[PDB]
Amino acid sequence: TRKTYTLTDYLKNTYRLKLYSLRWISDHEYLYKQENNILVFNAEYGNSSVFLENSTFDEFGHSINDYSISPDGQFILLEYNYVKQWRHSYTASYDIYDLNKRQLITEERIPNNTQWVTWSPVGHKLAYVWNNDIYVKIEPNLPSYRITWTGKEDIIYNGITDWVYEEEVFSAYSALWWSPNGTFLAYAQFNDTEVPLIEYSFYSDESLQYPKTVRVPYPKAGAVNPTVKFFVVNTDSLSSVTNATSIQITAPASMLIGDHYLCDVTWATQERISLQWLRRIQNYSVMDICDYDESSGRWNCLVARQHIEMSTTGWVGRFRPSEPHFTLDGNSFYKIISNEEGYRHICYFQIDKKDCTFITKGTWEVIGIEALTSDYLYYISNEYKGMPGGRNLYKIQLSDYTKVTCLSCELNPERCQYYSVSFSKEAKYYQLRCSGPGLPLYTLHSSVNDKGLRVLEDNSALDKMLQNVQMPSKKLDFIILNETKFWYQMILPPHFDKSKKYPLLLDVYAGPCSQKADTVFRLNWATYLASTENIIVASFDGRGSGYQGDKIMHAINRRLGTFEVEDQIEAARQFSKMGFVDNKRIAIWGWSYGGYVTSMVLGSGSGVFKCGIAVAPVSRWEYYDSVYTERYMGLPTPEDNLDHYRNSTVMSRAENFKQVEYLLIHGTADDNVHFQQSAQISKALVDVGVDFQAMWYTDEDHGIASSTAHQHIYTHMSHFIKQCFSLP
């Protein structure tokens, strides 16, 4: 009898997915780490050489965290002393190694505690941020030029984001943007002066006698937000003037009338930059297109080139307005926007014409634009077989929009229904990454003829291992509610028998634009629960979920904690109707937004669920950050949406928790969903006399991702679920 996929298997990573992470350094070469060596590969022929021997930095005296080659291949940036901050941010030390001299650079070093560093896109200029100010080095061994003098910890951020811009706007710590040939450096400056601080204890190693109070500028919903300014400096003038001027580009009047955000920066050409601004009420966005004026040294944004993007039904964009993709001459661009039917499709704009032309259409959505050449645009969509949870690469002929080729659909249709892609520098080659429903498959292709060049990684090692294991299966299907298809997936135990009644765990996220029903192959906690414990683990994408049009996505507009919650309950009722579910053993669990929905469901009084687990839940929308929360909820004021803010809290349902077994879990150093959120849940449950289970994770953040804590939480949750399901 074949073994099952056990909890220890999951927690110890005994069955490991192989990846193929390459880095394009040109239009036909990529770097690949093999056996701690860095190899350089020729894409056309697949032959390789050693770029950097594994033993090069033995006597470096530090463990190197990451590396970065300069665009001209002359230098490598060595990252060490990595100290993580938030989701994207971190600090590090940096050395520069001269590749042609085979020497480490010892003068005018990038300082310790550097917050961000980036090569120019061409050559080997560097911009870095240190103590919240910007510096540029023209040559790796020469002195830096200071660009800003206003940087102030927790107060003024030049070239880096504050907490909320990092998490909610840019998904990056960096807030600087080199022009395409590196002449100009554009950057944002954030002012957090009147932004309130979240404060929480950090206990650290047991040697620390007094706990530290961590203090982070964090605007909760309705609070004072950071303000923002945008500047461009000419780095080519740095060696010529004592103090090069940062030229400000001001937001349009339609933004300046109130609170607003900078939400996108995209260079079009050497002397043309595009900026998108978003009103604090996030249903109105404005793109400015600004040109360098050689005679005045200023940047001017013609109103004839200004583009409005607004929504009557919800917010703008999936999580933010989409990025433009400019044609080489910078006189036109492509952009994913919601069409008249509410489906996100590629629109083609002339920079000085307000009406765009949709180049794709249908009842499915474009996920992203991946590459653009003079002849073709390449994009990912979920068109294939009308499956919103699939992803495929398509190529559209720019001179004839009726010519649309699916590049990935039919490569291995049984094994591969979810693709991402990685193009070489000028799109001469592409790497396809299939992530399911079979084992991930990595392949290389040439764009000139769309022929497969070779398989890079096929996970045959893992396939061989998994043959000796009773693996679960995955069903992806839909149910029809109110004449609309809503998709679900089930992780089903090995030897699934429809004539039996299985315990069911509903795995929930259900945030706006979420998707939990897809074609991705995963080895996770659900795999163990199905394989070893014979539990069906289900997920459902109801109202508010993404990639299916605005009618579904915007259904929860101004109303979080309503339809997305109800639809999870309804999903569980539908799963019972299917006849293989033990109605006495239905559980629910989720993390983050999923913890909020789980808690809302458990407090609904539905009677459907025996037990559930919320990890790091939101409990009350006024506790969560402004940019995310207000996008869906508006402002917590009597004149806007306070009534629904107050009506959608977990705490107001405390009394209904008498009907369920609840486990509440939160990391004490969660900078994102503050421990406060679960602290208020537990207190409301104490106050009505509801018994529940609890677990805090000392110094863990929103990820609860340290090796020991990750193993501890999943072990704790497994005992809880098994107890609930009367499993030995």
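Numbers for residues come from their place in the sequence shown, where the first is 1. Here, rigid core means the biggest group of C-alpha atoms that superpose within 1.5 Å across both forms.
- Choosing between 202 to 210 and 222 to 230, the greater Cα displacement from the shown form in 4 other deposited structures of this protein, fitted by the core, goes with 202 to 210.
- RMS Cα deviation from the shown model in 4 other deposited structures of this protein, rigid core fit, is larger for 231 to 239 than for the other stretch of the pair 231 to 239 / 520 to 528.
- Note on 472 to 480 vs 385 to 393: mean CA B-factor is higher in 472 to 480.
- A summary of the deposited B-factors shows that, of 59 to 67 and 677 to 685, the stretch with the larger mean C-alpha value is 59 to 67.
- You'll see in the entry that, of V650, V233, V455, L642, the Cα B factor peaks at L642.
- Going by the entry's values, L466 shows the largest Cα B-factor out of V129, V448, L466, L407.
- Sort the modelled residues of the chain by CA B factor and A530 lands in the lowest third.
- Annotation for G612: C-alpha temperature factor in the middle third relative to the rest of the modelled chain, per the entry.
- The PDB entry assigns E564 a C-alpha temperature factor belonging to the middle third of its chain's modelled residues.
- Remark: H702 belongs to the middle third of its chain, ranked by C-alpha B-factor as recorded.
- Compared with the other modelled residues of the chain, the Cα B-factor recorded for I38 ranks in the highest third.
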